[PDB]
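A short worksheet on the structure shown next.
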Amino acid sequence: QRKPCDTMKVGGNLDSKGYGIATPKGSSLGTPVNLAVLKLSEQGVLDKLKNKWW
Amino acid sequence: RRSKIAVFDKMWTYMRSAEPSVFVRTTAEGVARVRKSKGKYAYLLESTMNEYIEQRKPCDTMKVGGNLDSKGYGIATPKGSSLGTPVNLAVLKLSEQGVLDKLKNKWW
Amino acid sequence: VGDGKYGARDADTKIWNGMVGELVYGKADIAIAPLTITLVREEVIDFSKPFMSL
Amino acid sequence: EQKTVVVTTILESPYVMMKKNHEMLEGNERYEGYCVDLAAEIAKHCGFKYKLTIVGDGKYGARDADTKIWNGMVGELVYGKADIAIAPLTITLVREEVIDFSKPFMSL
């Protein structure tokens with residue numbers, strides 16, 4: 001989706017991996033962040049953000 | 001029911017107002033309704049089930065399209081049990097060494 | 001186990017019924033089944049990183 | 001009382017990009033993109049003020065087997081200096097041993 005827009009993608013995915021938020025071990029931030037990162041996934045906000053940039 | 005991004009809502013408005021009822025309350029009824037309708041009818045279900053149903057007899061249906069979202073299965077442990085933390089490493093160490101791909105290929 | 005479902009909350013009694021209830025009431029040590037990860041479940045049981053995507 | 005929390009991230013585009021007004025603007029307004037929008041949503045949930053800083057050495061990093069040093073974002077995070085890494089940091093086995101990842105927010 002960037003100029004000159006002359007590539008194309010083909011086919012499936014050969015593997016699977018995921019990104020993630022990260023925090024230091026024993027931080028108090030660790031449990032609420034994981035709840036937010038689930039809650040945002042179900043309200044569709046993440047896909048709205050993806051479309052907003054891709 | 002909570003869709004966004006101004007494409008799904010057309011489908012939702014359609015299914016809210018089509019006649020006769022487009023929904024089915026058991027999955028085998030949906031499969032039968034696809035199989036009998038000479039390709040005039042389509043159905044939405046979990047991709048992991050779809051990719052299996054393709055491989056059974058009569059072998060008369062196929063997957064088409066990509067995806068609308070993403071979800072995953074997971075191992076479950078009771079809260080605060082000491083057993084949970086090594087399993088979380090085990091699942092990772094398996095995935096990086098192809099076992100969870102070969103076990104999928106074996107059965108699908 | 002005789003659930004047939006994958007566990008859900010009864011909104012009336014607040015009792016957990018089915019698969020997840022057997023872990024909350026401690027009848028077994030670990031469950032391995034294709035239960036889907038959603039926000040309602042993390043609040044009472046813990047899940048690994050996801051072993052599949054769909 | 002609460003104190004503002006540092007947040008470390010790497011440009012890498014389009015996850016983070018420079019604003020076309022950085023000649024004049026000051027503070028967080030220097031930065032925009034998908035990462036910044038996600039940051040504001042997490043901040044609205046958890047209720048913390050946050051100050052962005054670009055990572056010091058431009059790399060994700062991994063443990064050097066010789067010196068046992070951690071470089072990169074993981075370096076700034078493990079040694080108690082950054083406190084959160086909102087970044088496209090790929091989950092892999094060697095990292096789970098020293099930091100905790102949320103459930104994954106995107107698949108690739």
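Following the order of the structure tokens, chains are lettered A, B, ..., residues in each are numbered from 1, and ligands are numbered from 1.
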Counting only C-alpha atoms, which residues of chain D sit at most 10 Å from some atom of chain B, and what is each one's closest atom pair with its distance in Å to one decimal, listed by chain and rising residue number, as a Markdown table?
```
| residue | atom | partner | partner_atom | distance |
| --- | --- | --- | --- | --- |
| D:91 | CA | B:92 | CA | 8.9 |
| D:92 | CA | B:92 | CA | 7.4 |
| D:93 | CA | B:92 | CA | 6.2 |
| D:94 | CA | B:93 | CA | 9.6 |
| D:96 | CA | B:89 | CA | 7.7 |
| D:97 | CA | B:89 | CA | 8.5 |
| D:104 | CA | B:72 | CA | 9.8 |
| D:105 | CA | B:70 | CA | 9.5 |
| D:106 | CA | B:70 | CA | 8.3 |
| D:107 | CA | B:70 | CA | 7.8 |
```
Pick out each residue of chain D that DSSP on the backbone tags as strand (DSSP E or B); I need them as a PDB file with C-alpha atoms, in the first residue's frame.
```
ATOM      1  CA  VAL D   5       5.771   6.380  33.866  1.00  0.00           C
ATOM      2  CA  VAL D   6       8.449   6.159  31.183  1.00  0.00           C
ATOM      3  CA  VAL D   7       7.582   4.244  28.006  1.00  0.00           C
ATOM      4  CA  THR D   8      10.247   3.027  25.574  1.00  0.00           C
ATOM      5  CA  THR D   9       9.692   2.342  21.880  1.00  0.00           C
ATOM      6  CA  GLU D  12      10.597   1.090  12.850  1.00  0.00           C
ATOM      7  CA  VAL D  16       6.197   4.927  15.358  1.00  0.00           C
ATOM      8  CA  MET D  17       6.955   7.881  13.082  1.00  0.00           C
ATOM      9  CA  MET D  18       8.246  11.418  13.494  1.00  0.00           C
ATOM     10  CA  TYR D  31       5.216  11.346  17.861  1.00  0.00           C
ATOM     11  CA  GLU D  32       2.210   9.730  16.194  1.00  0.00           C
ATOM     12  CA  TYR D  50       3.313   8.493  30.376  1.00  0.00           C
ATOM     13  CA  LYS D  51       6.406  10.039  28.769  1.00  0.00           C
ATOM     14  CA  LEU D  52       7.729   8.523  25.543  1.00  0.00           C
ATOM     15  CA  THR D  53      11.447   8.044  24.914  1.00  0.00           C
ATOM     16  CA  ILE D  54      13.083   6.633  21.792  1.00  0.00           C
ATOM     17  CA  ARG D  63      21.460 -11.788  25.566  1.00  0.00           C
ATOM     18  CA  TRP D  70      21.283  -7.582  27.524  1.00  0.00           C
ATOM     19  CA  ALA D  85       8.050  -1.688  26.209  1.00  0.00           C
ATOM     20  CA  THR D  90       8.345 -10.784  19.035  1.00  0.00           C
ATOM     21  CA  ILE D  99      10.192 -10.574  31.115  1.00  0.00           C
ATOM     22  CA  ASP D 100       6.444 -11.195  31.046  1.00  0.00           C
ATOM     23  CA  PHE D 101       4.328 -10.776  27.915  1.00  0.00           C
ATOM     24  CA  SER D 107      -0.713 -12.151  14.608  1.00  0.00           C
TER      25      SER D 107
END
```
List every residue of chain C that has an atom at most 12 Å from any atom of chain D, and for each one report the closest atom pair and its distance in Å to one decimal, counting only C-alpha atoms, with rows sorted by chain and then by increasing residue number, as a tab-separated table.
```
residue	atom	partner	partner_atom	distance
C:37	CA	D:103	CA	9.7
C:38	CA	D:103	CA	10.7
C:39	CA	D:103	CA	11.1
C:42	CA	D:103	CA	10.8
C:46	CA	D:103	CA	11.3
C:47	CA	D:103	CA	9.2
C:48	CA	D:103	CA	8.6
C:49	CA	D:103	CA	6.4
C:50	CA	D:103	CA	8.0
C:51	CA	D:104	CA	11.6
C:52	CA	D:107	CA	10.9
C:53	CA	D:107	CA	8.5
C:54	CA	D:107	CA	10.5
```
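When only C-alpha atoms are used to compute distances to chain A, the closest of the residues D:20, D:3, D:95, D:45 turns out to be D:45.
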Gap from atom CA of residue A:49 to atom CA of residue D:37 - Å, one decimal: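 Going from atom CA of residue A:49 over to atom CA of residue D:37, I get 7.8 Å.
For stretch 11-28 of chain C, the non-local neighbours within 10 Å, defined as residues at least 5 positions apart in the same chain or in other chains and counting only C-alpha atoms, are residues 76, 77, 78 and 79 of chain B; 1, 2, 3, 4, 5, 6, 33, 35, 41, 44 and 45 of chain C.
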Just to be explicit: take each residue in the selection above, keep N, CA and C atoms, and write the result as a PDB file, in the first residue's frame.
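Heads up, here's the output in result.pdb:
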```
ATOM      1  N   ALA B  76      -5.358 -24.408  30.343  1.00  0.00           N
ATOM      2  CA  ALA B  76      -5.963 -23.738  31.485  1.00  0.00           C
ATOM      3  C   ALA B  76      -5.470 -24.371  32.779  1.00  0.00           C
ATOM      4  N   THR B  77      -5.156 -23.530  33.762  1.00  0.00           N
ATOM      5  CA  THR B  77      -4.732 -23.987  35.075  1.00  0.00           C
ATOM      6  C   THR B  77      -5.466 -23.227  36.170  1.00  0.00           C
ATOM      7  N   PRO B  78      -5.733 -23.878  37.303  1.00  0.00           N
ATOM      8  CA  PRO B  78      -6.434 -23.198  38.398  1.00  0.00           C
ATOM      9  C   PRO B  78      -5.547 -22.158  39.060  1.00  0.00           C
ATOM     10  N   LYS B  79      -6.157 -21.038  39.444  1.00  0.00           N
ATOM     11  CA  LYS B  79      -5.396 -19.844  39.789  1.00  0.00           C
ATOM     12  C   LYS B  79      -4.474 -20.101  40.974  1.00  0.00           C
TER      13      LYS B  79
ATOM     14  N   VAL C   1     -15.889 -35.448  31.127  1.00  0.00           N
ATOM     15  CA  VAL C   1     -16.855 -34.792  32.001  1.00  0.00           C
ATOM     16  C   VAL C   1     -18.104 -34.440  31.207  1.00  0.00           C
ATOM     17  N   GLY C   2     -19.255 -34.538  31.870  1.00  0.00           N
ATOM     18  CA  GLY C   2     -20.556 -34.499  31.229  1.00  0.00           C
ATOM     19  C   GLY C   2     -21.091 -33.124  30.882  1.00  0.00           C
ATOM     20  N   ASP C   3     -20.213 -32.178  30.546  1.00  0.00           N
ATOM     21  CA  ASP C   3     -20.677 -30.839  30.192  1.00  0.00           C
ATOM     22  C   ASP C   3     -21.381 -30.844  28.840  1.00  0.00           C
ATOM     23  N   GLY C   4     -20.673 -31.251  27.793  1.00  0.00           N
ATOM     24  CA  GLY C   4     -21.114 -31.020  26.432  1.00  0.00           C
ATOM     25  C   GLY C   4     -20.838 -29.620  25.918  1.00  0.00           C
ATOM     26  N   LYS C   5     -20.790 -28.640  26.815  1.00  0.00           N
ATOM     27  CA  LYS C   5     -20.377 -27.288  26.479  1.00  0.00           C
ATOM     28  C   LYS C   5     -18.891 -27.115  26.812  1.00  0.00           C
ATOM     29  N   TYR C   6     -18.426 -25.869  26.877  1.00  0.00           N
ATOM     30  CA  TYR C   6     -17.083 -25.561  27.354  1.00  0.00           C
ATOM     31  C   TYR C   6     -17.125 -24.663  28.584  1.00  0.00           C
ATOM     32  N   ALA C  33      -8.168 -28.561  26.527  1.00  0.00           N
ATOM     33  CA  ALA C  33      -9.318 -28.640  25.639  1.00  0.00           C
ATOM     34  C   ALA C  33      -9.383 -27.354  24.827  1.00  0.00           C
ATOM     35  N   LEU C  35     -11.069 -24.774  24.586  1.00  0.00           N
ATOM     36  CA  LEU C  35     -11.832 -23.638  25.089  1.00  0.00           C
ATOM     37  C   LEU C  35     -11.210 -22.334  24.603  1.00  0.00           C
ATOM     38  N   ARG C  41     -13.074 -15.161  31.258  1.00  0.00           N
ATOM     39  CA  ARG C  41     -12.434 -16.345  31.817  1.00  0.00           C
ATOM     40  C   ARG C  41     -11.153 -16.042  32.591  1.00  0.00           C
ATOM     41  N   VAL C  44     -10.978 -15.741  36.538  1.00  0.00           N
ATOM     42  CA  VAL C  44     -11.146 -16.854  37.470  1.00  0.00           C
ATOM     43  C   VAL C  44     -10.229 -18.030  37.181  1.00  0.00           C
ATOM     44  N   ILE C  45      -9.666 -18.164  35.980  1.00  0.00           N
ATOM     45  CA  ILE C  45      -8.641 -19.159  35.694  1.00  0.00           C
ATOM     46  C   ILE C  45      -7.571 -18.524  34.815  1.00  0.00           C
TER      47      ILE C  45
END
```
Dump as a Markdown table the rows for residues of chain B within 8 Å of chain A: closest atom pair and distance in Å with one decimal, only C-alpha atoms counted, ordered by chain and rising residue number.
```
| residue | atom | partner | partner_atom | distance |
| --- | --- | --- | --- | --- |
| B:2 | CA | A:43 | CA | 7.6 |
| B:3 | CA | A:44 | CA | 7.4 |
| B:4 | CA | A:44 | CA | 7.1 |
| B:5 | CA | A:48 | CA | 6.8 |
```
Within 6 Å of chain D: residues of chain A, using only C-alpha atoms, as a VMD selection string: chain A and resid 17 to 25 34
Would you write out, as a tab-separated table, a table of all residues in chain A that have an atom no more than 8 Å from an atom of chain C, listing for each the closest atom pair and the distance in Å to one decimal, considering only C-alpha atoms and ordering rows by chain and rising residue number?
```
residue	atom	partner	partner_atom	distance
A:35	CA	C:39	CA	7.1
A:38	CA	C:39	CA	5.9
A:39	CA	C:39	CA	6.3
```
File dump, residues just selected, N, CA and C atoms, as a PDB file, in the first residue's frame:
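As written to disk, result29.pdb reads:
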```pdb
ATOM      1  N   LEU A  35      -5.442  -7.482  31.154  1.00  0.00           N
ATOM      2  CA  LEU A  35      -6.891  -7.341  31.066  1.00  0.00           C
ATOM      3  C   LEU A  35      -7.285  -6.285  30.046  1.00  0.00           C
ATOM      4  N   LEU A  38      -6.893  -7.727  26.627  1.00  0.00           N
ATOM      5  CA  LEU A  38      -8.029  -8.542  26.202  1.00  0.00           C
ATOM      6  C   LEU A  38      -9.273  -7.705  25.920  1.00  0.00           C
ATOM      7  N   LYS A  39      -9.599  -6.760  26.805  1.00  0.00           N
ATOM      8  CA  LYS A  39     -10.825  -5.979  26.642  1.00  0.00           C
ATOM      9  C   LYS A  39     -10.840  -5.212  25.322  1.00  0.00           C
TER      10      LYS A  39
END
```
Point-to-point distance from atom CA of residue B:73 to atom CA of residue C:31, Å rounded to tenths: 11.8 Å
Residue among B:27, B:47, B:37, B:55 lying closest to chain C, counting only C-alpha atoms: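 The answer is B:47, which sits nearest to chain C.
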